[PDB]
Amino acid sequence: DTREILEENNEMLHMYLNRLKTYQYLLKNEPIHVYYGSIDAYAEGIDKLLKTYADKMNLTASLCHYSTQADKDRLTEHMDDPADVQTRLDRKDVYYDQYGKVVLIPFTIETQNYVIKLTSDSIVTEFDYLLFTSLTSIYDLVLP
């Protein structure tokens, strides 16, 4: 039925208009707190910025270490196929859980590996990839 598809289109447009509204509002009104001087300071500043944005959008964002095998195993525990999830991430691909609830985005600060974890009770998509990775770029551009 075209009804269902239509509700899906409508939901997509509303949701990403709202999330884009939030992104733009924050770039305009929220002071960016810049942490620098080491990988861990940078990582903290990125984590806080992602959080500031996810908090106002009905989804959670986190910056997860993805350096040591211990880090990798921690991340992938709660997934159906951890070895496979890990291969994808190692290969540097975005990983989308099929049901639309989790995006995992391999991310690098200087020479340290992380994964930006995005979850949502409704839906996350490539639009969220684009918005959240844009912010990591803005963070880098705002450094001295």
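In this text, residue numbers run from 1 along the sequence as written.
- Taking the mean C-alpha B-factor of each stretch as recorded, 76 to 84 and 26 to 34 are not equal, and the higher mean is that of 76 to 84.
- Once the C-alpha B-factors are averaged per stretch, 3 to 11 and 133 to 141 rank with 3 to 11 first.
- Highest CA B-factor among 109, 70, 63, 105, as stated in the entry: 70.
- Split the chain's modelled residues into thirds by C-alpha temperature factor. Residue 119 is in the middle one.
- Ranked within its chain, residue 94 lands in the lowest third, by CA B factor from the PDB record.
- In the deposited entry, the Cα temperature factor of residue 50 places it in the lowest third of its chain's modelled residues.
- Residue 43 sits in the lowest third of its chain by CA B factor, as recorded in the PDB entry.
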